[PDB]
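Q: Would you mind keeping the following structure in view while I ask a few things?
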Amino acid sequence: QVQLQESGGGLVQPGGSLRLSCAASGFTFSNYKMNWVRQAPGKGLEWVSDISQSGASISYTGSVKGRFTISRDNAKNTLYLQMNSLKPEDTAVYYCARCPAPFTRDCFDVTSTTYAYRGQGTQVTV
Amino acid sequence: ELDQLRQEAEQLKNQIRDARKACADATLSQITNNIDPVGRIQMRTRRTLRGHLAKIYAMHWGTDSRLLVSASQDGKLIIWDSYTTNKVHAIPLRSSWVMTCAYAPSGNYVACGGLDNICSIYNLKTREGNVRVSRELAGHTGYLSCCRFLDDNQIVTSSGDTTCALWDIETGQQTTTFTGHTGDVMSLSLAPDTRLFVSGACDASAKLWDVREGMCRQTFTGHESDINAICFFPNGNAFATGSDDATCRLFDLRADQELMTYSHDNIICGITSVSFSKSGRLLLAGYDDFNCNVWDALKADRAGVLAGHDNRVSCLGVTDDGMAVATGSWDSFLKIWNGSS
Amino acid sequence: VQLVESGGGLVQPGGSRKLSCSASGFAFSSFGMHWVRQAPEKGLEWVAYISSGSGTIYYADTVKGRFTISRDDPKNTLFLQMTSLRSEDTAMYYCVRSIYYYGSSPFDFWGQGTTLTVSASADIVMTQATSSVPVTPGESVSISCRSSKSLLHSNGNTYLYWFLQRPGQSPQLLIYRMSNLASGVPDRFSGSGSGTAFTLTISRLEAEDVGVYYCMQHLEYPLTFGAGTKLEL
Amino acid sequence: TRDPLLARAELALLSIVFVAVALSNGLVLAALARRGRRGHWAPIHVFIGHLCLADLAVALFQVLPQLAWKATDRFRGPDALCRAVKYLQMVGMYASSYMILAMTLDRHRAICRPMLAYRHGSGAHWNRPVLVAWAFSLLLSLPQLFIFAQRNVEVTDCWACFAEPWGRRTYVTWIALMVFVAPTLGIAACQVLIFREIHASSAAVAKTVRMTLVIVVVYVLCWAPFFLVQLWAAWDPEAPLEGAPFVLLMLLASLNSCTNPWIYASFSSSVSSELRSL
Amino acid sequence: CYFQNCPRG
Amino acid sequence: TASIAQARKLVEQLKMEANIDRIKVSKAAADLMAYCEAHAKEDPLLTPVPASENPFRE
Amino acid sequence: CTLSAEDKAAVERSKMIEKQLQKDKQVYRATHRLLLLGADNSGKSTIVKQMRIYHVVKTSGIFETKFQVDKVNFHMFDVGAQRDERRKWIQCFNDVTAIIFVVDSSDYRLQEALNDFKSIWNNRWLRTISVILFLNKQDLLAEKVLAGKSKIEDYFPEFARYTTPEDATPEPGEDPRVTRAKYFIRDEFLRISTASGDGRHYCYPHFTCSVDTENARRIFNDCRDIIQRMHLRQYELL
Ligand SMILES: CC(C)CCC[C@@H](C)[C@H]1CC[C@H]2[C@@H]3CC=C4C[C@@H](O)CC[C@]4(C)[C@H]3CC[C@]12C
Ligand SMILES: CC(C)CCC[C@@H](C)[C@H]1CC[C@H]2[C@@H]3CC=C4C[C@@H](O)CC[C@]4(C)[C@H]3CC[C@]12C
Ligand SMILES: CC(C)CCC[C@@H](C)[C@H]1CC[C@H]2[C@@H]3CC=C4C[C@@H](O)CC[C@]4(C)[C@H]3CC[C@]12C
């Protein structure tokens with residue numbers, strides 16, 4: 001079955017760094033756009049970043065625009081987020097989340113409260 | 001913390017996976033290397049039915065293999081005489097956003113519903129000359145995706161809340177509710193035995209339900225994306241499913257696992273609708289690129305194409321005598337297809 | 001559902017009279033309507049037909065120049081205008097609805113009729129083999145009807161109908177297209193035939209089964225009735 | 001009597017024009033149908049279709065009877081025949097003209113009043129605007145039945161006679177107003193208004209500028225020579241009626257029916273690609 | 001000549 | 001925290017799904033093959049009928 | 001010829017049904033259908049309420065309002081009780097005339113609204129549908145930026161470099177900081193729209209307030225432009 005499992009989260013100091021990792025299984029990883037999503041303790045899900053099939057197109061929210069970088073390895077079915085210069089406001093559960101259908105530009109539901117194709121998440125504290 | 005319950009769930013999943021793996025002694029593909037392929041299948045448009053204004057969203061055959069009901073999002077529900085193409089009834093719906101359509105096995109009723117969250121039953125046979133609403137069933141929280149009659153008094157529905165329900169019609173009461181899917185339940189079909197049905201949902205999972213016990217018997221999980229369509233194999237021991245991952249898959253209820261998959265590298269769009277032929281030897285699937293492909297259900301070779309539609313193939317169905325296929329489309333036409341000697 | 005005819009009465013030869021049938025309790029605009037008449041001691045005789053939407057009209061040759069049929073759907077009312085009345089026209093006139101689509105049952109409801117008194121070829125002929133049969137309760141009985149032409153059309157339907165008239169009532173439909181039992185009738189009745197000869201049978205007679213049974217063909221206009229078979233009980 | 005040395009030119013001219021009309025309209029009508037057996041039968045195609053039918057009626061009932069006549073020296077048939085022929089010769093003019101006017105008004109309505117939804121129904125192959133154009137083409141041709149008869153011009157021919165005060169002047173000028181002048185004004189006015197509307201909203205401006213010039217220019221160049229000579233012959237009792245170019249220009253009316261299909265088949269991309277794919 | 005006599009015959 | 005109830009319900013449903021008996025796939029595959037051939041002669045799409053008995057002809 | 005008496009009567013019925021379908025086809029085409037979208041914080045409820053007043057069930061999955069301008073009829077829909085996931089039910093609307101997208105311009109949440117618009121604009125079935133974009137609650141935005149307590153560049157740091165475009169029309173006599181803020185937010189939606197419109201569909205931005213009566217005229221004028229381009233396309237003039 002489709003499953004996603006994040007790792008590498010934990011405590012870090014402000015100004016410190018972390019690498020999140022996501023391992024994907026049960027689907028042809030190369031065909032899907034993928035995203036990072038997070039939830040700060042007081043609020044709903046917010047989208048953080050995405051990366052296209054090829055790793056060509058990339059985007060970020062302004063709150064992270066210079067501080068984080070997303071990358072993928074289609075040979076290894078794994079997705080990364082290098083986080084640098086972390087801040088207290090970056091404390092959240094971080095989730096790895098696939099787009100629903102392959103070969104497409106859009107993805108509607110990735111931030112919904114009960115989306116199916118999203119990992120268990122990993123805690124990050126700052 | 002639930003981690004122990006998660007670990008127990010993962011341990012149970014590992015146990016089930018190993019048990020299913022131990023049964024996979026040889027594949028359907030190896031066994032069917034003996035049989036002769038079907039050869040080229042060719043079908044011609046024997047009728048075109050036209051009169052809907054907007055895209056056709058669903059259709060269903062009557063059990064006589066001659067009457068046909070069709071629903072379009074202009075808010076008409078039309079009943080066709082398939083042989084003559086005469087229009088028998090045109091029924092104006094209360095809400096334009098119809099998404100599902102069913103014909104009662106007796107032919108006494110049709111059912112309809114959609115984004116209104118309501119399933120409406122129409123009585124076709126009354127002392128007055130006009131069709132009217134017999135009952136409106138309300139209690140689902142999201143849109144109605146499918147409905148099927150068990151008999152003139154019982155109907156099963158599925159919806160965008162992650163749920164199916166069984167209704168009495170004489171009282172508008174949910175007699176049973178089926179819960180366990182985590183996405184929109186998109187399609188449903190009844191076993192010929194009628195004691196069982198299967199549903200497929202936007203969680204890439206299919207579930208087997210018992211209408212009497214009210215519980216999930218089994219869960220099947222091979223697909224990678226939303227399941228749009230499901231259909232029982234005529235023996236009732238297997239079923240097929242079609243997904244946005246552009247594959248069909250065949251599952252057997254007793255091996256508890258995927259027997260086979262139908263896919264081709266040239267096909268990269270979602271499957272909207274699925275049906276078997278009367279023997280079960282042909283599997284028909286409708287695609288977002290608006291062809292239908294005919295598959296040898298045993299060998300998984302593609303064996304034919306239906307190629308008349310101008311826009312998304314939304315629905316198809318095979319007559320109970322196996323004599324014809326009908327296909328509906330967002331182009332707003334129905335076409336009826338048959339072979340030739 | 002009811003129909004009630006009005007007009008009628010006593011008229012001098014050569015006079016003119018209008019009959020009116022007013023419908024209530026059904027979607028009158030969607031039904032075709034027929035007039036049928038019964039001379040005071042005789043079988044039924046089809047008179048005229050007006051289609052739904054008035055797009056089609058037919059008459060019997062005995063009236064074709066003399067009568068005209070019309071309807072007003074907004075007032076749910078049906079008219080027959082009669083002119084050049086003859087002694088031959090002295091009859092009870094019944095108003096009858098019909099609706100035609102795959103699986104429909106024509107002739108399913110009949111009015112009560114108005115009596116009218118006037119002062120003083122290629123038609124299929126239907127033959128019923130007996131004018132009367134004596135019967136008893138609990139007995140099983142069969143009535144036969146025969147046609148000068150095969151009523152089996154190439155589409156596979158056999159266009160034979162059976163009606164019962166009880167002595168105080170207008171006719172009631174029993175069976176349509178040879179075999180289909182009408183909605184209201186007991187499952188004691190059954191119908192069979194070859195396409196040229198046909199039988200109605202009663203599995204168990206009861207006191208309400210007494211009356212006159214008429215067969216009718218619906219293959220071609222003019223519609224034609226049998227002479228009718230009485231059951232005596 | 002007449003010299004064959006000039007009559008041969010009349011017969012040749014009509015033969016060339018006959019094939020030009022018949023071939024060009026048949027070809028475009030066939031390609032249109034070759035698409036029309038598919039989907040996407042757009043309303044523009046209905047007008048292009050009925051225009052080609054009106055132009056074939058010009059070929060079959062205006063030009064061909066004139067050639068079959070003028071190939072012989074006299075109308076070899078009864079008055080009860082000729083009156084029907086003289087009537088049907090005229091229908092082709094009004095139909096071919098008003099089909100263009102109807103098509104242009106529909107384009108204007110579609111673009112300059114986009115929200116105005118027309119209330120009445122349509123077929124796949126007919127519209128009320130087209131039927132009105134045919135209806136008037138039949139009605140206005142009727143006076144031909146009063147004008148023409150077999151008469152003792154001398155032993156006889158099918159011949160026109162006019163009440164002298166009204167004369168040819170009144171009738172011929174009325175034709176020129178009805179067929180040439182008023183349609184040109186109507187076509188020009190609608191095309192100018194379409195340009196203004198689009199410009200107030202560009203390739204759509206550029207294509208509008210191209211087609212408006214082609215249509216109004218080509219329409220005038222086809223009709224102006226014929227009607228000039230016809231009016232002159234009607235107004236001047238001593239025009240050089242026997243002069244070779246005068247005799248030839250008197251015949252040329254159907255020239256416009258040749259150019260119509262290539263114009264609209266050029267601008268309609270759905271038809272242009274259909275001709276390129278034969 | 002369609003609505004007027006031709007010059008010749 | 002109510003979520004433990006969903007985890008309990010999931011674990012219970014997984015127990016029910018583990019308890020079922022399963023046949024080997026070769027038996028399942030043989031049944032499907034045997035059904036298709038037993039009914040092959042009476043499928044009008046797999047084996048088209050003559051036009052004299054195709055209701056949709058012409 | 002070959003039909004029975006009853007078969008001829010059945011055909012006559014079928015033709016009367018077609019005669020009815022041809023009638024209400026005229027009503028169907030003479031009516032424009034609109035989908036209304038927007039998050040809970042958006043003022044869309046006030047728009048439908050105001051518009052329902054000025055012109056013309058407990059689990060109802062959809063709501064409808066009818067209004068008329070210049071004798072043209074509009075039906076406007078917004079979803080009721082549906083869940084938050086929408087990738088399936090949104091496909092029903094592939095044939096509306098326009099989508100009306102309403103945004104609360106004061107919750108710079110704006111990134112959530114941007115991601116929503118990006119999904120609608122790029123979807124396989126909704127492309128070729130034009131979007132009418134109401135940047136709402138402009139009065140709250142003005143007060144918020146004039147108070148200076150919270151900075152847009154905390155959320156969109158490129159706002160430090162943005163400068164008011166020469167097209168800007170500060171007709172109210174508004175403070176130029178309000179103008180620069182307004183047009184920045186507008187331009188972030190237009191950045192998305194211009195990246196992939198391919199000339200098949202367009203975005204029509206409007207600055208709006210909940211009290212503004214003009215909103216019915218705005219929708220009418222934009223639908224006129226949308227329908228005019230559609231005709232220019234099918235008449236092959238474009
Ligand atoms: C009696 C004298 C003045 C002649 C009058 C002829 C007038 C009334 C006729 C001749 C041809 C007719 C027209 C040609 C075709 C069309 C198409 C239709 O979509 C709009 C009307 C329109 C434009 C008609 C209007 C009336 C019309 C212009
Ligand atoms: C509205 C006005 C300006 C134009 C109306 C058209 C009129 C003038 C047309 C229609 C039919 C025509 C005529 C019919 C035939 C004849 C025979 C001829 O021996 C004398 C002139 C006369 C009588 C024509 C004169 C012009 C005419 C009457
Ligand atoms: C003999 C006479 C009656 C024939 C008249 C034919 C022409 C000139 C007439 C017929 C219908 C008329 C038009 C139809 C309606 C419009 C709308 C208006 O906003 C602009 C002018 C325009 C386009 C008119 C221009 C003149 C017109 C095209």
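Naming works like this for the structure tokens: A, B, ... for the chains as they're shown, residue 1 at the start of each chain, ligands 1 onward in shown order.
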Using only C-alpha atoms and a distance of at most 6 Å, pull out the residues of chain A that contact chain G, as a VMD selection string.
A: chain A and resid 62 to 63 106 108 to 109
Q: Taking N, CA, C and O atoms for each residue, export the selection above as an mmCIF file, in the first residue's frame.
A:
```cif
data_model
loop_
_atom_site.group_PDB
_atom_site.id
_atom_site.type_symbol
_atom_site.label_atom_id
_atom_site.label_comp_id
_atom_site.auth_asym_id
_atom_site.auth_seq_id
_atom_site.Cartn_x
_atom_site.Cartn_y
_atom_site.Cartn_z
ATOM 1 N N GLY A 62 7.000 32.340 1.665
ATOM 2 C CA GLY A 62 7.885 33.440 2.008
ATOM 3 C C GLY A 62 8.532 33.323 3.375
ATOM 4 O O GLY A 62 9.654 33.791 3.577
ATOM 5 N N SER A 63 7.848 32.690 4.325
ATOM 6 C CA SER A 63 8.403 32.514 5.663
ATOM 7 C C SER A 63 9.672 31.670 5.685
ATOM 8 O O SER A 63 10.425 31.738 6.662
ATOM 9 N N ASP A 106 -1.571 20.286 -10.832
ATOM 10 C CA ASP A 106 -2.348 20.678 -9.666
ATOM 11 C C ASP A 106 -2.258 19.641 -8.552
ATOM 12 O O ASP A 106 -1.929 18.475 -8.776
ATOM 13 N N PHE A 108 -4.967 19.493 -5.125
ATOM 14 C CA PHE A 108 -5.940 20.217 -4.315
ATOM 15 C C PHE A 108 -5.805 19.951 -2.821
ATOM 16 O O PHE A 108 -5.756 20.888 -2.019
ATOM 17 N N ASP A 109 -5.759 18.690 -2.425
ATOM 18 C CA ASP A 109 -6.180 18.297 -1.089
ATOM 19 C C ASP A 109 -5.030 18.078 -0.123
ATOM 20 O O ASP A 109 -5.267 17.675 1.016
#
```
Q: Residues within 9 Å of residue 125 in chain D, please, as a VMD selection string. Count only C-alpha atoms; anything in the same chain fewer than 6 positions from it doesn't count.
A: chain D and resid 41 43 45 to 46 49 to 50
Q: Considering only C-alpha atoms, return as number ranges by chain whatever protein or nucleic-acid residues lie within 9 Å of residue 55 in chain A, sequence-local ones (same chain, fewer than 4 positions apart) excluded.
A: A: 33, 51, 71-74
Q: Grab the residues selected above and save them as an mmCIF file, in the first residue's frame with N, CA, C and O atoms.
A:
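Saved file result02.cif follows:
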```cif
data_model
loop_
_atom_site.group_PDB
_atom_site.id
_atom_site.type_symbol
_atom_site.label_atom_id
_atom_site.label_comp_id
_atom_site.auth_asym_id
_atom_site.auth_seq_id
_atom_site.Cartn_x
_atom_site.Cartn_y
_atom_site.Cartn_z
ATOM 1 N N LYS A 33 4.538 14.722 -8.240
ATOM 2 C CA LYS A 33 4.979 15.879 -7.479
ATOM 3 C C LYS A 33 4.784 15.629 -5.989
ATOM 4 O O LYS A 33 3.854 14.939 -5.576
ATOM 5 N N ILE A 51 8.089 20.127 -4.965
ATOM 6 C CA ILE A 51 9.121 19.832 -5.956
ATOM 7 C C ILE A 51 8.502 18.979 -7.053
ATOM 8 O O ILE A 51 7.822 17.992 -6.772
ATOM 9 N N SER A 71 14.710 18.787 -1.805
ATOM 10 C CA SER A 71 15.309 18.004 -2.879
ATOM 11 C C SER A 71 14.754 16.587 -2.844
ATOM 12 O O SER A 71 14.204 16.139 -1.836
ATOM 13 N N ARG A 72 14.923 15.881 -3.962
ATOM 14 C CA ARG A 72 14.418 14.525 -4.123
ATOM 15 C C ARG A 72 15.473 13.665 -4.802
ATOM 16 O O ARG A 72 16.361 14.168 -5.490
ATOM 17 N N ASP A 73 15.363 12.354 -4.601
ATOM 18 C CA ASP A 73 16.220 11.372 -5.266
ATOM 19 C C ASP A 73 15.349 10.274 -5.869
ATOM 20 O O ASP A 73 15.001 9.303 -5.193
ATOM 21 N N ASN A 74 15.028 10.414 -7.157
ATOM 22 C CA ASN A 74 14.151 9.463 -7.826
ATOM 23 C C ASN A 74 14.768 8.080 -7.967
ATOM 24 O O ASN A 74 14.039 7.120 -8.228
#
```
Q: Near residue 44 in chain B, counting only C-alpha atoms, which residues have an atom at most 12 Å away, once you skip same-chain residues fewer than 6 positions from it, shown as a PyMOL selection string?
A: (chain B and resi 304-308+324-326+335-341) or (chain F and resi 45+48+56-58)
Q: Please give the complete set of residues from range 294-334 of chain B that DSSP, run on the backbone, assigns to strand (DSSP E or B), formatted as a compact mmCIF listing (two decimals) with N, CA and C atoms, in the first residue's frame.
A:
```txt
# COMPACT_ATOMS: atom_id res chain seq x y z
N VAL B 294 -10.98 -2.70 -24.75
CA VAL B 294 -11.48 -4.02 -24.43
C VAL B 294 -10.29 -4.89 -24.09
N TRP B 295 -10.30 -5.50 -22.91
CA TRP B 295 -9.20 -6.31 -22.42
C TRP B 295 -9.61 -7.77 -22.36
N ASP B 296 -8.72 -8.64 -22.80
CA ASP B 296 -8.82 -10.06 -22.48
C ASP B 296 -8.60 -10.23 -20.98
N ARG B 302 -4.62 -6.29 -24.49
CA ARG B 302 -5.64 -5.43 -25.08
C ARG B 302 -6.11 -5.99 -26.41
N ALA B 303 -7.43 -6.03 -26.60
CA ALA B 303 -8.03 -6.77 -27.70
C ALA B 303 -8.95 -5.95 -28.59
N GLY B 304 -9.26 -4.71 -28.26
CA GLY B 304 -10.10 -3.91 -29.13
C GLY B 304 -10.29 -2.53 -28.55
N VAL B 305 -10.86 -1.65 -29.37
CA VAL B 305 -11.08 -0.26 -29.00
C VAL B 305 -12.43 0.19 -29.51
N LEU B 306 -13.14 0.95 -28.69
CA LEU B 306 -14.33 1.69 -29.08
C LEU B 306 -13.94 3.16 -29.12
N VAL B 313 -15.40 9.73 -21.64
CA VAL B 313 -16.36 8.65 -21.43
C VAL B 313 -16.70 8.57 -19.95
N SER B 314 -17.94 8.91 -19.59
CA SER B 314 -18.31 8.99 -18.19
C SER B 314 -18.87 7.69 -17.64
N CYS B 315 -19.56 6.88 -18.45
CA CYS B 315 -20.19 5.67 -17.94
C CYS B 315 -20.34 4.65 -19.05
N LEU B 316 -20.40 3.37 -18.67
CA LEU B 316 -20.76 2.31 -19.60
C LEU B 316 -21.44 1.18 -18.85
N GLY B 317 -22.20 0.37 -19.58
CA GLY B 317 -22.88 -0.77 -18.99
C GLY B 317 -23.25 -1.80 -20.02
N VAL B 318 -23.21 -3.07 -19.61
CA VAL B 318 -23.51 -4.21 -20.47
C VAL B 318 -24.87 -4.78 -20.09
N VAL B 325 -23.34 -3.24 -25.47
CA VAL B 325 -22.70 -2.28 -24.58
C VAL B 325 -23.25 -0.89 -24.86
N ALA B 326 -23.53 -0.13 -23.81
CA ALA B 326 -23.81 1.29 -23.95
C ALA B 326 -22.75 2.13 -23.24
N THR B 327 -22.40 3.26 -23.85
CA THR B 327 -21.42 4.20 -23.32
C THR B 327 -22.00 5.60 -23.34
N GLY B 328 -21.77 6.35 -22.28
CA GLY B 328 -22.18 7.74 -22.20
C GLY B 328 -21.00 8.67 -22.05
N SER B 329 -21.14 9.93 -22.41
CA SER B 329 -20.00 10.82 -22.50
C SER B 329 -20.40 12.24 -22.13
N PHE B 333 -23.96 12.44 -25.71
CA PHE B 333 -24.61 11.36 -26.45
C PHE B 333 -24.41 10.04 -25.74
N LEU B 334 -25.38 9.14 -25.90
CA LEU B 334 -25.18 7.72 -25.64
C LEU B 334 -25.01 7.00 -26.96
```
Q: Give one line per residue of chain D that approaches ligand 2 to at most 12 Å, naming the two atoms of the closest pair and their distance in Å to one decimal, counting only C-alpha atoms and all ligand atoms; sort by chain then ascending residue number and deliver it as JSON lines.
A:
```
{"residue": "D:139", "atom": "CA", "partner": "ligand 2", "partner_atom_place_in_ligand_line": "10 (C)", "distance": 10.5}
{"residue": "D:140", "atom": "CA", "partner": "ligand 2", "partner_atom_place_in_ligand_line": "10 (C)", "distance": 7.9}
{"residue": "D:141", "atom": "CA", "partner": "ligand 2", "partner_atom_place_in_ligand_line": "11 (C)", "distance": 9.1}
{"residue": "D:142", "atom": "CA", "partner": "ligand 2", "partner_atom_place_in_ligand_line": "11 (C)", "distance": 8.0}
{"residue": "D:143", "atom": "CA", "partner": "ligand 2", "partner_atom_place_in_ligand_line": "14 (C)", "distance": 5.0}
{"residue": "D:144", "atom": "CA", "partner": "ligand 2", "partner_atom_place_in_ligand_line": "15 (C)", "distance": 7.6}
{"residue": "D:145", "atom": "CA", "partner": "ligand 2", "partner_atom_place_in_ligand_line": "15 (C)", "distance": 8.4}
{"residue": "D:146", "atom": "CA", "partner": "ligand 2", "partner_atom_place_in_ligand_line": "15 (C)", "distance": 5.5}
{"residue": "D:147", "atom": "CA", "partner": "ligand 2", "partner_atom_place_in_ligand_line": "17 (C)", "distance": 5.4}
{"residue": "D:148", "atom": "CA", "partner": "ligand 2", "partner_atom_place_in_ligand_line": "17 (C)", "distance": 9.1}
{"residue": "D:149", "atom": "CA", "partner": "ligand 2", "partner_atom_place_in_ligand_line": "19 (O)", "distance": 11.4}
{"residue": "D:159", "atom": "CA", "partner": "ligand 2", "partner_atom_place_in_ligand_line": "19 (O)", "distance": 11.7}
{"residue": "D:160", "atom": "CA", "partner": "ligand 2", "partner_atom_place_in_ligand_line": "19 (O)", "distance": 8.3}
{"residue": "D:161", "atom": "CA", "partner": "ligand 2", "partner_atom_place_in_ligand_line": "19 (O)", "distance": 5.7}
{"residue": "D:162", "atom": "CA", "partner": "ligand 2", "partner_atom_place_in_ligand_line": "19 (O)", "distance": 3.3}
{"residue": "D:163", "atom": "CA", "partner": "ligand 2", "partner_atom_place_in_ligand_line": "19 (O)", "distance": 4.0}
{"residue": "D:164", "atom": "CA", "partner": "ligand 2", "partner_atom_place_in_ligand_line": "20 (C)", "distance": 7.3}
{"residue": "D:165", "atom": "CA", "partner": "ligand 2", "partner_atom_place_in_ligand_line": "20 (C)", "distance": 8.3}
{"residue": "D:166", "atom": "CA", "partner": "ligand 2", "partner_atom_place_in_ligand_line": "21 (C)", "distance": 5.7}
{"residue": "D:167", "atom": "CA", "partner": "ligand 2", "partner_atom_place_in_ligand_line": "20 (C)", "distance": 6.1}
{"residue": "D:168", "atom": "CA", "partner": "ligand 2", "partner_atom_place_in_ligand_line": "21 (C)", "distance": 7.7}
{"residue": "D:169", "atom": "CA", "partner": "ligand 2", "partner_atom_place_in_ligand_line": "25 (C)", "distance": 8.9}
{"residue": "D:170", "atom": "CA", "partner": "ligand 2", "partner_atom_place_in_ligand_line": "26 (C)", "distance": 5.7}
{"residue": "D:171", "atom": "CA", "partner": "ligand 2", "partner_atom_place_in_ligand_line": "26 (C)", "distance": 4.8}
{"residue": "D:172", "atom": "CA", "partner": "ligand 2", "partner_atom_place_in_ligand_line": "26 (C)", "distance": 8.6}
{"residue": "D:173", "atom": "CA", "partner": "ligand 2", "partner_atom_place_in_ligand_line": "26 (C)", "distance": 9.4}
{"residue": "D:174", "atom": "CA", "partner": "ligand 2", "partner_atom_place_in_ligand_line": "4 (C)", "distance": 6.5}
{"residue": "D:175", "atom": "CA", "partner": "ligand 2", "partner_atom_place_in_ligand_line": "6 (C)", "distance": 9.1}
{"residue": "D:176", "atom": "CA", "partner": "ligand 2", "partner_atom_place_in_ligand_line": "4 (C)", "distance": 11.6}
{"residue": "D:177", "atom": "CA", "partner": "ligand 2", "partner_atom_place_in_ligand_line": "3 (C)", "distance": 9.6}
{"residue": "D:178", "atom": "CA", "partner": "ligand 2", "partner_atom_place_in_ligand_line": "4 (C)", "distance": 9.4}
```
Q: Using DSSP on the backbone coordinates, identify all residues within range 3-231 of chain G classified as alpha helix (DSSP H); present the result as a ChimeraX atom specification.
A: /G:5-29,44-54,110-122,138-147,176-194,215-231
Q: Quick one: residues within 8 Å of ligand 3, with only C-alpha atoms and all ligand atoms, as an NGL selection string?
A: :D and (101 or 105 or 108 or 177-178 or 182-187 or 189-190 or 193)
Q: Those selected residues, please, written with N, CA and C atoms and delivered as a JSON list (two decimals), in the first residue's frame.
A:
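Heads up, here's the output in out.json:
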```json
[["chain", "number", "residue", "atom", "x", "y", "z"],
["D", 101, "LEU", "N", -25.95, 38.98, -46.96],
["D", 101, "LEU", "CA", -26.46, 39.93, -45.99],
["D", 101, "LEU", "C", -26.87, 39.24, -44.69],
["D", 105, "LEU", "N", -25.26, 39.96, -40.93],
["D", 105, "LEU", "CA", -26.03, 40.40, -39.78],
["D", 105, "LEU", "C", -25.91, 39.43, -38.61],
["D", 108, "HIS", "N", -22.59, 40.11, -36.94],
["D", 108, "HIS", "CA", -22.72, 41.32, -36.14],
["D", 108, "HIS", "C", -23.47, 41.06, -34.84],
["D", 177, "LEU", "N", -31.40, 48.69, -57.19],
["D", 177, "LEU", "CA", -31.51, 49.04, -55.78],
["D", 177, "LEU", "C", -31.58, 47.80, -54.89],
["D", 178, "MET", "N", -32.40, 46.82, -55.28],
["D", 178, "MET", "CA", -32.65, 45.67, -54.42],
["D", 178, "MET", "C", -31.46, 44.71, -54.36],
["D", 182, "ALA", "N", -28.50, 48.27, -51.98],
["D", 182, "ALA", "CA", -28.84, 48.07, -50.58],
["D", 182, "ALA", "C", -28.05, 46.97, -49.89],
["D", 183, "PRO", "N", -27.81, 45.81, -50.49],
["D", 183, "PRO", "CA", -26.92, 44.83, -49.84],
["D", 183, "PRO", "C", -25.51, 45.34, -49.58],
["D", 184, "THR", "N", -24.94, 46.12, -50.49],
["D", 184, "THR", "CA", -23.60, 46.65, -50.26],
["D", 184, "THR", "C", -23.57, 47.56, -49.03],
["D", 185, "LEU", "N", -24.55, 48.46, -48.91],
["D", 185, "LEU", "CA", -24.61, 49.31, -47.73],
["D", 185, "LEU", "C", -24.78, 48.48, -46.46],
["D", 186, "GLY", "N", -25.69, 47.51, -46.48],
["D", 186, "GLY", "CA", -25.89, 46.68, -45.30],
["D", 186, "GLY", "C", -24.67, 45.89, -44.90],
["D", 187, "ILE", "N", -23.97, 45.31, -45.88],
["D", 187, "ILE", "CA", -22.74, 44.57, -45.58],
["D", 187, "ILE", "C", -21.66, 45.50, -45.04],
["D", 189, "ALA", "N", -21.98, 48.50, -43.53],
["D", 189, "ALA", "CA", -22.34, 49.00, -42.21],
["D", 189, "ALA", "C", -22.06, 47.98, -41.10],
["D", 190, "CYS", "N", -22.52, 46.75, -41.27],
["D", 190, "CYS", "CA", -22.28, 45.73, -40.26],
["D", 190, "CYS", "C", -20.80, 45.46, -40.04],
["D", 193, "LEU", "N", -19.23, 48.27, -37.98],
["D", 193, "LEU", "CA", -19.60, 48.18, -36.57],
["D", 193, "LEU", "C", -18.86, 47.05, -35.85]]
```
Q: Hey, which residues sit close to ligand 1? Say within 6 Å, counting only C-alpha atoms and all ligand atoms, and write them as a PyMOL selection string.
A: chain D and resi 98+102+129+132-133+136
Q: Atoms to include: C-alpha atoms. Write the selected residues as a CSV table (one decimal), in the first residue's frame.
A:
```csv
chain,number,residue,atom,x,y,z
D,98,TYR,CA,-29.3,38.1,-49.4
D,102,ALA,CA,-28.0,37.4,-43.6
D,129,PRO,CA,-32.5,33.8,-41.2
D,132,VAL,CA,-36.3,34.3,-44.9
D,133,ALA,CA,-33.6,34.9,-47.5
D,136,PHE,CA,-37.9,36.7,-50.3
```
